[PDB]
Each structure stands twice: as structure tokens, then as C-alpha cells.
Amino acid sequence: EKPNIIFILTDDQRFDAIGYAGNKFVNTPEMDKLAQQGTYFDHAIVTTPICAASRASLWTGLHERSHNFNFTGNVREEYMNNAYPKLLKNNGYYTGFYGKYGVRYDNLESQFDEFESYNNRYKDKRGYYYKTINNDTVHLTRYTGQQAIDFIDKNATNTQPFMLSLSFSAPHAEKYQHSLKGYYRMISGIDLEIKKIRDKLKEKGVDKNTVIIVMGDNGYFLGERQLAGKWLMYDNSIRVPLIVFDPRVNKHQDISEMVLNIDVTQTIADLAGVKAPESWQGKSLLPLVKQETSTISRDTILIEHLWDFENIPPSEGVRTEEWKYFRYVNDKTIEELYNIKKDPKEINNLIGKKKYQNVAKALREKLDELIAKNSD
Ligand SMILES: [Ca+2]
């Protein structure tokens, strides 16, 4: 009646960094199986390309304009409940988390083990669980992979459905020749854990009752613009691979070519039969996966932002099915506009030019008519 849900959350996984996207050098077969088995979202976009506000936007379901993270930094003396795990926990689920929480907030409940070492610390790392703290041996990817297995086999107890949130630290650390190789390698070892997870699901016999969701936390830069990192508002930095595979409601796939990350939070609660809080600034992706109504998402224009600190710049803009816009602020206002269907590598800025300065005014307007539509 109610499905078990598993949200795999990869750290720094580009929308390009998956075989289903044509990448011939990754080895993500179980993910590729999930995309062909479920509905893949190629134009899945992350609102704020930072591995902490995005993760917070995942929890609280509100854009960074509305939550406003911090650095590091704890947030926000329980704003935030109004939070998709804590909601299912108090409505009818046995929630569980393993990996990087990314908010530094001192509570957490049900069953967990947050890897607080410095996220990373390669092999062996500090882990904040129940009662107190205890650090453990082998390597992040395998450790949080085995913990998910244990959570399925053991006590996620068979009465109420479980919602297991998995936050992998991989692949968080030409060009660099084969450091792009090692990046791709770290995503290949997550798939081994996906084989073991869904293999564990058949022993307990719930794989036809456990919808699995996979996402990349934010974009990346691998030599584009002679740039690394993320945080800017280019497609390779905001777009991530989001797989939503439901073994119950739709046996067969359908590829969707539309938008957005803050939707998963709604896609969790709606999935769990729980009324999604009024605060959450997303929309459910359930109509898309069971091929229901609004197969054009009806989210014609979306937002994205970066409220920033150290060196350097921030940005905020909006995107459409074939139009992009964003302007920095610290320290400047370099307005930029690109056409998405003809310039996907975003090398031709189109502002100033008279034939498209009217579509810049329509997007510059809708940006203000989207920044304040979230507010607080
Ligand atoms: Ca990340």
C-alpha cells in the first residue's frame, strides 16, 4: 500500500557523468539499468550548485533564497521540520540516513550515522550516530553501502515502510589526464553498492515495493573554460542526473526532458501518501513517472542562485526550455543570456544584441518575479 523509498545522493556527480548520458568512460551499469527500468531526467537541474545548500534544499525543499544556509555553518535552529525525513518519521515511516548530512545541525533521529570527518577522510572517517560518536574502518563508498544493506536486511523493521536516505561522499575529492579517470572510478564503485542494495531487497522480498531514487548533488567542471569546481550557473554546474525508478506504479520507462531538483522532496512525501508541507517550494514528479497529467511539467521557468562568501563571485538567474540568464553580484553585475537549443556549450553571450534584448527583459523581469515569489 505504501512503498519503501531509497534516495541515493551522489556528491559532485555531473549530469554528464553517467553512461546513460552517453559517457563512454564511466561504468555505471546498475544506474543505467535503473534509468532504462524507470524514468530518467536528463535536464534535472540543481537550484544552488553547492554541496551544502543543495543538500539543505533537498531536506527543507526550499530554494536558497528562502532558506539561506551559511558558509560550514549550522542551520536553522529547526526551521526545517518542514523536512521530508522528519515528516515521514512522524506520519508513518521508519526513516534512516547514512553519509553526509551537510548542514551541521545537532539533532537527527531514527537510525543514522553521519560521516562528519572534516564528508571525506578517504578510508576511515568520523561518524556521529546514536548515543555518541564512533569511527569505523574500510572506505566511504563501501561503508555506507554496507550500512544500507544492513538497514534493509536488519531493522528497518517490516511493519511500517522505510525511507532510507543515502548520501555518498564519492566522487567528491586531459585535464589532469586521468584524475578525470579516478573521478569516474569513484562513481563506478557506487554502482557495486547499488547491485548489493537491490539484491538485498529481493531476499527481504520488497524490491517490487521499493521505489528507488538517485540524484547528483550538484554539477562539476572538468576542464571547461579551463575551469574546475562548480558554483557558477552554467549547465554543467546546475544540471545533475536524476533517476526515478518505481517497480510498482510503472513497469516500463519513459524519458523526460524537463526540470528541477527541489521537486524530489515533494516526490518523497507525495510518494509516501503524506501531505507535503506548504513551505516546500517544489512540485511532485509523480505525474511524470506514472505518465499522468501535466507531462509538460508546467514549470515553464525556474530559478537558481548562489549566496556566497570566499573567493569569489555569487550569481542568481533563471532558466527556460531554450533560454538561460544569470548575473553576478560580488563584485559586479555581468549579465549573461544564452539560447539553450542552439548554444548548449554557452559560448555566445546574447545580451546587448537587439534581436534578443527583449527576451532578456522578459527573463530579467521573471527573475525578480521569481526571487520574491519564494521570499521566506
Ligand atoms: Ca556535491
# chains A, B, ... in the order shown; residues from 1 in each chain; ligands from 1

$ residues_around --residues "segment 8-18 of chain A" --least-positions-apart "3" --cutoff "7 Å" --atoms "only C-alpha atoms" --output "JSON, numbers by chain"
{"A": [21, 23, 26, 28, 165, 166, 167, 168, 169, 170, 171, 172, 213, 214, 215, 216, 217, 218, 219, 220, 236, 239, 240, 241]}

$ write_last_selection --atoms "N, CA, C and O atoms" --output "mmCIF file, in the first residue's frame"
data_model
loop_
_atom_site.group_PDB
_atom_site.id
_atom_site.type_symbol
_atom_site.label_atom_id
_atom_site.label_comp_id
_atom_site.auth_asym_id
_atom_site.auth_seq_id
_atom_site.Cartn_x
_atom_site.Cartn_y
_atom_site.Cartn_z
ATOM 1 N N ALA A 21 23.888 9.037 -20.176
ATOM 2 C CA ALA A 21 24.083 10.299 -20.874
ATOM 3 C C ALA A 21 25.099 10.196 -22.004
ATOM 4 O O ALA A 21 25.570 11.230 -22.491
ATOM 5 N N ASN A 23 28.139 8.901 -21.786
ATOM 6 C CA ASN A 23 29.517 8.881 -21.305
ATOM 7 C C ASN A 23 30.087 7.477 -21.467
ATOM 8 O O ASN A 23 29.647 6.537 -20.798
ATOM 9 N N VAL A 26 32.628 6.195 -18.013
ATOM 10 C CA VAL A 26 32.109 5.722 -16.740
ATOM 11 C C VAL A 26 31.681 4.266 -16.876
ATOM 12 O O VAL A 26 31.469 3.744 -17.977
ATOM 13 N N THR A 28 28.674 2.835 -14.947
ATOM 14 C CA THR A 28 27.525 2.916 -14.047
ATOM 15 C C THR A 28 26.402 2.019 -14.562
ATOM 16 O O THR A 28 25.325 2.502 -14.930
ATOM 17 N N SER A 165 17.680 7.277 3.321
ATOM 18 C CA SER A 165 18.409 8.335 2.633
ATOM 19 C C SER A 165 19.899 8.012 2.646
ATOM 20 O O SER A 165 20.504 7.887 3.717
ATOM 21 N N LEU A 166 20.484 7.881 1.459
ATOM 22 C CA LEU A 166 21.893 7.547 1.290
ATOM 23 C C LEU A 166 22.620 8.740 0.690
ATOM 24 O O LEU A 166 22.239 9.228 -0.379
ATOM 25 N N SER A 167 23.668 9.199 1.366
ATOM 26 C CA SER A 167 24.463 10.338 0.911
ATOM 27 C C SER A 167 25.914 9.892 0.780
ATOM 28 O O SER A 167 26.646 9.825 1.771
ATOM 29 N N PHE A 168 26.326 9.590 -0.448
ATOM 30 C CA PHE A 168 27.692 9.168 -0.704
ATOM 31 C C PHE A 168 28.607 10.375 -0.835
ATOM 32 O O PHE A 168 28.222 11.412 -1.381
ATOM 33 N N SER A 169 29.826 10.234 -0.318
ATOM 34 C CA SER A 169 30.843 11.265 -0.459
ATOM 35 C C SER A 169 31.598 11.173 -1.776
ATOM 36 O O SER A 169 32.251 12.142 -2.168
ATOM 37 N N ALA A 170 31.534 10.045 -2.461
ATOM 38 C CA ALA A 170 32.153 9.965 -3.772
ATOM 39 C C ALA A 170 31.234 10.582 -4.824
ATOM 40 O O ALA A 170 30.011 10.577 -4.668
ATOM 41 N N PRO A 171 31.799 11.134 -5.910
ATOM 42 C CA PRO A 171 33.229 11.353 -6.163
ATOM 43 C C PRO A 171 33.750 12.736 -5.753
ATOM 44 O O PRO A 171 34.439 13.382 -6.542
ATOM 45 N N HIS A 172 33.429 13.177 -4.539
ATOM 46 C CA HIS A 172 33.990 14.413 -4.004
ATOM 47 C C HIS A 172 35.452 14.186 -3.628
ATOM 48 O O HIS A 172 35.763 13.285 -2.842
ATOM 49 N N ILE A 213 15.345 6.144 -5.869
ATOM 50 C CA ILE A 213 15.588 7.462 -6.438
ATOM 51 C C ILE A 213 17.075 7.765 -6.320
ATOM 52 O O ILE A 213 17.673 7.558 -5.257
ATOM 53 N N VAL A 214 17.676 8.235 -7.411
ATOM 54 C CA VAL A 214 19.101 8.544 -7.462
ATOM 55 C C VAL A 214 19.268 9.965 -7.979
ATOM 56 O O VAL A 214 18.553 10.386 -8.894
ATOM 57 N N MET A 215 20.216 10.702 -7.402
ATOM 58 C CA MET A 215 20.466 12.063 -7.856
ATOM 59 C C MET A 215 21.925 12.437 -7.651
ATOM 60 O O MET A 215 22.616 11.885 -6.789
ATOM 61 N N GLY A 216 22.384 13.381 -8.471
ATOM 62 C CA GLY A 216 23.654 14.042 -8.244
ATOM 63 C C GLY A 216 23.430 15.320 -7.449
ATOM 64 O O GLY A 216 22.436 16.020 -7.639
ATOM 65 N N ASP A 217 24.372 15.610 -6.551
ATOM 66 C CA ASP A 217 24.163 16.690 -5.592
ATOM 67 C C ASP A 217 24.327 18.055 -6.254
ATOM 68 O O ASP A 217 23.553 18.979 -5.982
ATOM 69 N N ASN A 218 25.316 18.199 -7.128
ATOM 70 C CA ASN A 218 25.494 19.426 -7.894
ATOM 71 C C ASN A 218 26.359 19.107 -9.102
ATOM 72 O O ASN A 218 26.848 17.986 -9.262
ATOM 73 N N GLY A 219 26.551 20.111 -9.950
ATOM 74 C CA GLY A 219 27.345 19.954 -11.145
ATOM 75 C C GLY A 219 28.832 19.958 -10.853
ATOM 76 O O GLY A 219 29.285 19.893 -9.709
ATOM 77 N N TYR A 220 29.606 20.042 -11.931
ATOM 78 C CA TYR A 220 31.054 19.987 -11.834
ATOM 79 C C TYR A 220 31.660 20.748 -13.004
ATOM 80 O O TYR A 220 30.959 21.234 -13.894
ATOM 81 N N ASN A 236 26.629 22.629 -17.004
ATOM 82 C CA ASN A 236 27.416 21.566 -16.390
ATOM 83 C C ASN A 236 27.573 21.742 -14.885
ATOM 84 O O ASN A 236 28.097 20.837 -14.227
ATOM 85 N N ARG A 239 23.084 21.208 -13.781
ATOM 86 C CA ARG A 239 22.404 20.001 -14.225
ATOM 87 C C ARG A 239 23.033 18.756 -13.603
ATOM 88 O O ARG A 239 24.263 18.634 -13.546
ATOM 89 N N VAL A 240 22.186 17.858 -13.146
ATOM 90 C CA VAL A 240 22.608 16.612 -12.481
ATOM 91 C C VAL A 240 21.781 15.469 -13.006
ATOM 92 O O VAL A 240 20.687 15.671 -13.579
ATOM 93 N N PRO A 241 22.252 14.219 -12.855
ATOM 94 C CA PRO A 241 21.441 13.075 -13.274
ATOM 95 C C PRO A 241 20.487 12.618 -12.183
ATOM 96 O O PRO A 241 20.919 12.207 -11.100
#

$ select_by_dssp --residues "segment 122-251 of chain A" --states "strand (DSSP E)" --output "number ranges by chain"
A: 127-128, 162-167, 210-216, 242-245

$ closest_residue --among "A:307, A:101, A:176, A:118" --to "ligand 1" --atoms "only C-alpha atoms and all ligand atoms"
A:101

$ residues_around --residues "segment 131-144 of chain A" --least-positions-apart "5" --cutoff "9 Å" --atoms "only C-alpha atoms" --output "VMD selection string"
chain A and resid 98 to 99 113 115 117 119 to 126 149 166 to 170 186 189 to 190 192 to 193

$ residues_around --residues "residue 342 of chain A" --least-positions-apart "6" --cutoff "12 Å" --atoms "only C-alpha atoms" --output "PyMOL selection string"
chain A and resi 321-324+348+350

$ write_last_selection --atoms "C-alpha atoms" --output "compact mmCIF listing (two decimals), in the first residue's frame"
# COMPACT_ATOMS: atom_id res chain seq x y z
CA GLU A 321 13.44 25.22 -22.01
CA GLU A 322 15.58 27.14 -24.53
CA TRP A 323 16.78 30.26 -22.67
CA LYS A 324 19.30 30.98 -19.91
CA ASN A 348 27.94 33.07 -27.20
CA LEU A 350 23.42 37.16 -26.36

$ select_by_dssp --residues "segment 84-227 of chain A" --states "alpha helix (DSSP H)" --output "CSV table (one decimal) with C-alpha atoms, in the first residue's frame"
chain,number,residue,atom,x,y,z
A,84,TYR,CA,11.0,15.2,4.3
A,85,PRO,CA,12.6,12.6,6.6
A,86,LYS,CA,11.2,14.0,9.8
A,87,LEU,CA,7.8,14.3,8.2
A,88,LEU,CA,7.6,10.6,7.1
A,89,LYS,CA,9.0,9.7,10.5
A,140,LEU,CA,33.4,5.6,2.5
A,141,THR,CA,31.7,4.2,-0.6
A,142,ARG,CA,31.7,0.6,0.7
A,143,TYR,CA,31.0,1.5,4.3
A,144,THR,CA,27.8,3.5,3.6
A,145,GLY,CA,27.0,0.9,1.0
A,146,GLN,CA,27.1,-2.0,3.6
A,147,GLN,CA,25.2,0.1,6.1
A,148,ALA,CA,22.3,0.4,3.6
A,149,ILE,CA,22.4,-3.4,3.2
A,150,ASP,CA,22.2,-3.8,6.9
A,151,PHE,CA,19.4,-1.3,7.1
A,152,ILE,CA,17.3,-3.3,4.6
A,153,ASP,CA,18.1,-6.8,6.0
A,179,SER,CA,42.3,12.4,-12.5
A,180,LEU,CA,39.2,12.6,-14.5
A,181,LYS,CA,39.6,8.8,-14.6
A,182,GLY,CA,39.7,8.5,-10.9
A,183,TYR,CA,36.7,10.7,-10.6
A,184,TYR,CA,34.8,8.3,-12.9
A,185,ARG,CA,36.2,5.4,-11.0
A,186,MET,CA,34.6,6.6,-7.7
A,187,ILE,CA,31.2,6.6,-9.4
A,188,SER,CA,31.7,3.1,-10.6
A,189,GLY,CA,32.2,1.8,-7.1
A,190,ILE,CA,28.9,3.3,-6.0
A,191,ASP,CA,27.1,1.1,-8.6
A,192,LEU,CA,28.5,-2.0,-6.9
A,193,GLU,CA,26.6,-0.9,-3.8
A,194,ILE,CA,23.5,-0.4,-6.0
A,195,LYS,CA,23.8,-4.0,-7.1
A,196,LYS,CA,24.1,-5.1,-3.5
A,197,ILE,CA,21.3,-2.9,-2.3
A,198,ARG,CA,18.6,-4.1,-4.7
A,199,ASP,CA,20.0,-7.6,-4.4
A,200,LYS,CA,19.3,-7.3,-0.7
A,201,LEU,CA,15.8,-6.1,-1.5
A,202,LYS,CA,14.9,-9.4,-3.1
A,203,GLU,CA,16.0,-11.5,0.0

$ closest_residue --among "A:55, A:208, A:175, A:355" --to "ligand 1" --atoms "only C-alpha atoms and all ligand atoms"
A:55

$ closest_residue --among "A:108, A:173, A:211, A:6" --to "ligand 1" --atoms "only C-alpha atoms and all ligand atoms"
A:173

$ atom_distance --atom1 "atom CA of residue 319 of chain A" --atom2 "atom CA of residue 303 of chain A"
6.5 Å

$ atom_distance --atom1 "atom CA of residue 46 of chain A" --atom2 "atom CA of residue 238 of chain A"
4.8 Å

$ closest_residue --among "A:160, A:54, A:111, A:47" --to "ligand 1" --atoms "only C-alpha atoms and all ligand atoms"
A:54

$ closest_residue --among "A:31, A:316, A:235, A:81" --to "residue 343 of chain A" --atoms "only C-alpha atoms"
A:235

$ closest_residue --among "A:291, A:237, A:320, A:74" --to "residue 345 of chain A" --atoms "only C-alpha atoms"
A:237

$ residues_around --residues "residue 59 of chain A" --least-positions-apart "2" --cutoff "7 Å" --atoms "only C-alpha atoms" --output "ChimeraX atom specification"
/A:55-57,61,83-84,265

$ write_last_selection --atoms "N, CA and C atoms" --output "short mmCIF file (atom, residue, chain, number, x, y, z; two decimals), in the first residue's frame"
data_model
loop_
_atom_site.label_atom_id
_atom_site.label_comp_id
_atom_site.auth_asym_id
_atom_site.auth_seq_id
_atom_site.Cartn_x
_atom_site.Cartn_y
_atom_site.Cartn_z
N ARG A 55 22.01 20.25 -0.68
CA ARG A 55 21.61 19.22 0.27
C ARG A 55 20.57 19.76 1.25
N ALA A 56 20.74 21.01 1.69
CA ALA A 56 19.73 21.65 2.52
C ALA A 56 18.44 21.87 1.74
N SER A 57 18.54 22.33 0.49
CA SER A 57 17.36 22.46 -0.35
C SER A 57 16.67 21.11 -0.52
N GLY A 61 13.37 21.54 1.15
CA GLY A 61 12.53 21.74 -0.02
C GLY A 61 12.31 23.17 -0.42
N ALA A 83 10.49 19.07 6.92
CA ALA A 83 11.64 18.33 6.42
C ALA A 83 11.17 16.93 6.05
N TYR A 84 11.60 16.44 4.89
CA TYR A 84 10.98 15.24 4.33
C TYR A 84 11.24 13.97 5.13
N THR A 265 12.00 16.33 -2.97
CA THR A 265 11.37 16.46 -1.66
C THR A 265 9.86 16.25 -1.74
#

$ atom_distance --atom1 "atom CA of residue 2 of chain A" --atom2 "atom CA of residue 264 of chain A"
17.2 Å

$ decode --residues "segment 219-252 of chain A" --atoms "N, CA and C atoms" --output "mmCIF file, in the first residue's frame"
data_model
loop_
_atom_site.group_PDB
_atom_site.id
_atom_site.type_symbol
_atom_site.label_atom_id
_atom_site.label_comp_id
_atom_site.auth_asym_id
_atom_site.auth_seq_id
_atom_site.Cartn_x
_atom_site.Cartn_y
_atom_site.Cartn_z
ATOM 1 N N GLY A 219 26.551 20.111 -9.950
ATOM 2 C CA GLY A 219 27.345 19.954 -11.145
ATOM 3 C C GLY A 219 28.832 19.958 -10.853
ATOM 4 N N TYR A 220 29.606 20.042 -11.931
ATOM 5 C CA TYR A 220 31.054 19.987 -11.834
ATOM 6 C C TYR A 220 31.660 20.748 -13.004
ATOM 7 N N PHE A 221 32.986 20.850 -12.983
ATOM 8 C CA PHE A 221 33.765 21.417 -14.077
ATOM 9 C C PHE A 221 34.991 20.539 -14.285
ATOM 10 N N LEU A 222 35.119 19.973 -15.482
ATOM 11 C CA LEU A 222 36.237 19.110 -15.857
ATOM 12 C C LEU A 222 36.924 19.693 -17.088
ATOM 13 N N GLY A 223 37.642 20.793 -16.901
ATOM 14 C CA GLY A 223 38.404 21.377 -17.978
ATOM 15 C C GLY A 223 37.666 22.367 -18.848
ATOM 16 N N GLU A 224 36.349 22.481 -18.719
ATOM 17 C CA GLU A 224 35.618 23.505 -19.453
ATOM 18 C C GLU A 224 36.034 24.887 -18.966
ATOM 19 N N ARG A 225 36.260 25.803 -19.909
ATOM 20 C CA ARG A 225 36.690 27.171 -19.630
ATOM 21 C C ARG A 225 38.036 27.223 -18.912
ATOM 22 N N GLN A 226 38.839 26.165 -19.020
ATOM 23 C CA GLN A 226 39.967 25.921 -18.117
ATOM 24 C C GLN A 226 39.542 26.124 -16.666
ATOM 25 N N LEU A 227 38.397 25.547 -16.320
ATOM 26 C CA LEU A 227 37.805 25.722 -15.005
ATOM 27 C C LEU A 227 37.586 24.373 -14.335
ATOM 28 N N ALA A 228 37.635 24.391 -13.005
ATOM 29 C CA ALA A 228 37.280 23.269 -12.153
ATOM 30 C C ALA A 228 36.288 23.764 -11.107
ATOM 31 N N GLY A 229 35.805 22.848 -10.274
ATOM 32 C CA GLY A 229 34.835 23.221 -9.261
ATOM 33 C C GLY A 229 33.430 23.346 -9.827
ATOM 34 N N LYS A 230 32.658 24.264 -9.243
ATOM 35 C CA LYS A 230 31.282 24.498 -9.670
ATOM 36 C C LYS A 230 30.847 25.921 -9.323
ATOM 37 N N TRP A 231 29.676 26.064 -8.690
ATOM 38 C CA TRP A 231 29.176 27.310 -8.103
ATOM 39 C C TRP A 231 28.665 28.315 -9.128
ATOM 40 N N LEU A 232 29.258 28.350 -10.321
ATOM 41 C CA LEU A 232 28.706 29.203 -11.368
ATOM 42 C C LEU A 232 27.433 28.586 -11.938
ATOM 43 N N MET A 233 26.766 29.310 -12.832
ATOM 44 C CA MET A 233 25.411 28.982 -13.249
ATOM 45 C C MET A 233 25.377 28.545 -14.703
ATOM 46 N N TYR A 234 26.314 27.682 -15.060
ATOM 47 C CA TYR A 234 26.351 27.033 -16.356
ATOM 48 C C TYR A 234 25.707 25.659 -16.245
ATOM 49 N N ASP A 235 25.334 25.110 -17.401
ATOM 50 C CA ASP A 235 24.564 23.872 -17.415
ATOM 51 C C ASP A 235 25.324 22.734 -16.746
ATOM 52 N N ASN A 236 26.629 22.629 -17.004
ATOM 53 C CA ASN A 236 27.416 21.566 -16.390
ATOM 54 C C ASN A 236 27.573 21.742 -14.885
ATOM 55 N N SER A 237 27.134 22.870 -14.327
ATOM 56 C CA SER A 237 27.201 23.112 -12.893
ATOM 57 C C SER A 237 25.856 23.015 -12.193
ATOM 58 N N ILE A 238 24.752 23.251 -12.903
ATOM 59 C CA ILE A 238 23.428 23.142 -12.305
ATOM 60 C C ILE A 238 22.719 21.842 -12.670
ATOM 61 N N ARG A 239 23.084 21.208 -13.781
ATOM 62 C CA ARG A 239 22.404 20.001 -14.225
ATOM 63 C C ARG A 239 23.033 18.756 -13.603
ATOM 64 N N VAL A 240 22.186 17.858 -13.146
ATOM 65 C CA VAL A 240 22.608 16.612 -12.481
ATOM 66 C C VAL A 240 21.781 15.469 -13.006
ATOM 67 N N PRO A 241 22.252 14.219 -12.855
ATOM 68 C CA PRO A 241 21.441 13.075 -13.274
ATOM 69 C C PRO A 241 20.487 12.618 -12.183
ATOM 70 N N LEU A 242 19.187 12.684 -12.459
ATOM 71 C CA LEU A 242 18.158 12.244 -11.526
ATOM 72 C C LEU A 242 17.423 11.055 -12.127
ATOM 73 N N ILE A 243 17.538 9.901 -11.479
ATOM 74 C CA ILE A 243 16.827 8.691 -11.875
ATOM 75 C C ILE A 243 15.726 8.432 -10.859
ATOM 76 N N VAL A 244 14.515 8.181 -11.350
ATOM 77 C CA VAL A 244 13.376 7.827 -10.509
ATOM 78 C C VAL A 244 12.776 6.548 -11.083
ATOM 79 N N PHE A 245 12.972 5.430 -10.389
ATOM 80 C CA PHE A 245 12.540 4.118 -10.863
ATOM 81 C C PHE A 245 11.534 3.531 -9.881
ATOM 82 N N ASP A 246 10.296 3.349 -10.334
ATOM 83 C CA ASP A 246 9.240 2.790 -9.497
ATOM 84 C C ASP A 246 8.886 1.395 -9.991
ATOM 85 N N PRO A 247 9.228 0.334 -9.255
ATOM 86 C CA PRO A 247 8.917 -1.023 -9.727
ATOM 87 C C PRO A 247 7.442 -1.370 -9.652
ATOM 88 N N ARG A 248 6.646 -0.608 -8.902
ATOM 89 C CA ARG A 248 5.202 -0.837 -8.816
ATOM 90 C C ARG A 248 4.475 -0.083 -9.939
ATOM 91 N N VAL A 249 4.416 1.243 -9.786
ATOM 92 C CA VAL A 249 3.378 2.024 -10.448
ATOM 93 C C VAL A 249 3.577 2.056 -11.956
ATOM 94 N N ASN A 250 4.815 1.990 -12.439
ATOM 95 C CA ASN A 250 5.034 1.846 -13.875
ATOM 96 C C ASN A 250 6.129 0.821 -14.112
ATOM 97 N N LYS A 251 5.731 -0.333 -14.649
ATOM 98 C CA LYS A 251 6.678 -1.361 -15.054
ATOM 99 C C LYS A 251 7.668 -0.865 -16.105
ATOM 100 N N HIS A 252 7.270 0.087 -16.947
ATOM 101 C CA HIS A 252 8.052 0.484 -18.110
ATOM 102 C C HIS A 252 8.458 1.953 -18.028
#
